[PDB]
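Engineer: A single structure is presented below for examination.
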Amino acid sequence: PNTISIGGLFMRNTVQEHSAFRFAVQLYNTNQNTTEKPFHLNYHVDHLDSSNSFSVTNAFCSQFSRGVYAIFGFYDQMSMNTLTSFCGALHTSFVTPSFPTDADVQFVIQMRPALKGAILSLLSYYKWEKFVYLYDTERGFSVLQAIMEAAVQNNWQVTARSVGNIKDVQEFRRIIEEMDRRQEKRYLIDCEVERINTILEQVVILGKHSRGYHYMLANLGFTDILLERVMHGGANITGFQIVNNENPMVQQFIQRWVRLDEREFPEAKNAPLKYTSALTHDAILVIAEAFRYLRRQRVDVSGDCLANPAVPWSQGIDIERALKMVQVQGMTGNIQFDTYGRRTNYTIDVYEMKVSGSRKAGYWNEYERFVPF
Amino acid sequence: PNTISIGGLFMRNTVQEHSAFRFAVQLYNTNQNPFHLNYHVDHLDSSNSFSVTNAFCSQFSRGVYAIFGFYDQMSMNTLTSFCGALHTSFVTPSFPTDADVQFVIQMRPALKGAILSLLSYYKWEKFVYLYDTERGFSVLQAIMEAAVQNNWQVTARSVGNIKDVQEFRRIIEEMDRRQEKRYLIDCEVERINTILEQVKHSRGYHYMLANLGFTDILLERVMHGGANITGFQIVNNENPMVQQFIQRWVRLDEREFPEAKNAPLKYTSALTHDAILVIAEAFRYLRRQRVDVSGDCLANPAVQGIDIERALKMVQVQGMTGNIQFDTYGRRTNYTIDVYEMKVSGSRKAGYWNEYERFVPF
């Protein structure tokens, strides 16, 4: 077919990601290619509320009813298990920059790389033995189980705290006092960007955590963190990023990115690049490269959401083998996937922000673990 | 109308409930006095959230008045949204919901309540907490929010992912370095029993099983060890209405009703009989007022049904779980929980618990 149409699912607080989505379609459509574009790319997108699972399913069905060849979307802890299961039976590849699933789910392509390995290698590098682990239920229990798996082999004094339920900010002040009784100077934060910032604000008010302390923020949106007031007290801060600003392709992309009009592209000017928005663009790069390979193979690409009728099997299976076949050098390093859709062959840029200085500490890849230069 | 049909949904490992759901209708269909009852059964997959929607929309197209069934944690999120939006009342002996939702009548009473008073009767302050990723975070949060109010140091363990039966022993051998002997288990029977299977650690230990299916738990294996075990039951053997069911339930056709003589009457299979008793009186209350009762499974056009949810949540009937009344959300009220103590000393009935009366030991 001349025009491949893909499904879009965008929840709340993904405003910039939507702008990153619309632009990623335009730069491919504007060709210009005898070879880079053999087909045109369209999309129909439905904004939704995640908590209500009914709203999640009907959006998916309305997209499938249209006959889309791929679906790009988002999920929380609640909507995760539903969307992965619907794609597993209807055989439709689900592209997402949301947190990687603990289970070996099929027809799910996970753009966000796993931090699971990057943390443990650095905790072995820093040789931490007595530290605190603060976490929410949002990112998943993979990392909550991951450290308990290996920490007992190295005997580490780790203390866990669930904060996803805590709404009161006074509760955030009393949780830290408990660790000072256990003489804790080292902290590992595993929350979403928006949450991480709120307890760092509590560090300012209680005060004197400035010096001798160490905060490791297990989140890829390190730029979107308010680090300012913590820096000037004497704290050692280790953070994680996938995006490298030295990359000429990213700088090539940014020169165009700041130009976009607000009425057509929200949060493009006012807000800085969120890591999820960068993955949104790189998600298109995978879809584009997979479908270019599809007419390279010259394959005629193959409804209703009903269990009883019996879903077709000749459909769907063919796209997965070619989507997870890709090796595209994009903004987020090297984009490759395993059999389950998880990322592999990715470089994680490690940043050390210390009172004395602020610099890139090193890089992380699965083979060489952590390299500190 | 002279006949009302209620939708039926069943998961895996629910055979005892299947026949108990069947037999309760056969009792009702023999009268003896107002309207005929019908039911449709769908056998679904728990983990897969695809078959749940399929079996639900198949039940709804038939447009059954009230849907009965069970939910796994991966499927509970499916029915809670669907029953609320398509306005169809749900009846369940499965775990109570954590969040405040509408259009479901939860037969299973509150497990959370009894624990908060019974731990103070024993003066417990340091214990181990083994929880599941099945019944929800409601019980774990009830511990966590109360641990700061009464100053208790506890170790809550995520044993839900433990599939291989070797990790258990590695957790217990760490517990004796922290030299604590008290235990609080909040898991399902198929995983509760395996803990007691993987029990040196018998003399001077107290286990607390936070599950209403006390009978089906294999504990006599650990009882000779002399370990103390506290259990909870809503099924009352002293109740004359319970034995009346059992006398016909046991001496029942095995071909039509499997697991009738194969296994003891579980609380899930007990709550299923009471689930018909809630439906029967709610629809007879609708008969008192004559309330007239009246497709696709898509939300575009949208889509009545507030009719029955209103009457199901008000009922006051005596079943096999004794008192059955409902809160706005569908949770039990004015109910009574029996607590059992198993001791090397003796085996006995410690007392009862209700929301108003706290704990009573006679």
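Using the numbering of Swiss-Prot, the residues shown for chain B are 25-57, 62-227, 232-326, 332-340, 344-402, in order.
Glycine is no exception: its Cβ is also placed from the backbone N, Cα and C atoms.
In case it helps, Swiss-Prot gives these features for our protein:
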{"type": "CARBOHYD", "residues": "B:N57", "note": "N-linked glycosylation site"}
{"type": "DISULFID", "residues": "B:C85-B:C334", "note": "disulfide bond"}
{"type": "CARBOHYD", "residues": "B:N260", "note": "N-linked glycosylation site"}
{"type": "CARBOHYD", "residues": "B:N374", "note": "N-linked glycosylation site"}
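I would like each feature placed in context: is it buried or exposed, what are its neighbours, and how far apart are things?
Structural biologist: Cβ-based neighbour count (10 Å, all protein chains) for B:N57 (N-linked glycosylation site) stands at 3.
Taking Cβ-Cβ distances under 8 Å and a sequence separation of 6 or more, the neighbours of B:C85 (disulfide bond) in its chain are B:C334.
Cβ neighbour count for B:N260 (N-linked glycosylation site): 19 (other Cβ atoms within 10 Å of its Cβ, all protein chains included).
For B:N374 (N-linked glycosylation site), the Cβ neighbour count at a 10 Å cut-off comes to 14, with all displayed protein chains included.
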Engineer: Could you tally the C-beta atoms, other than its own, that fall within 10 angstroms of the C-beta of B:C334 (disulfide bond)?
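Structural biologist: So the number of other Cβ atoms within 10 Å of B:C334 (disulfide bond) is 20.
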Engineer: With DSSP assignments reduced to helix, strand and coil, which class does B:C85 (disulfide bond) get?
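Structural biologist: Reduced to three states, the DSSP call for B:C85 (disulfide bond) is helix.
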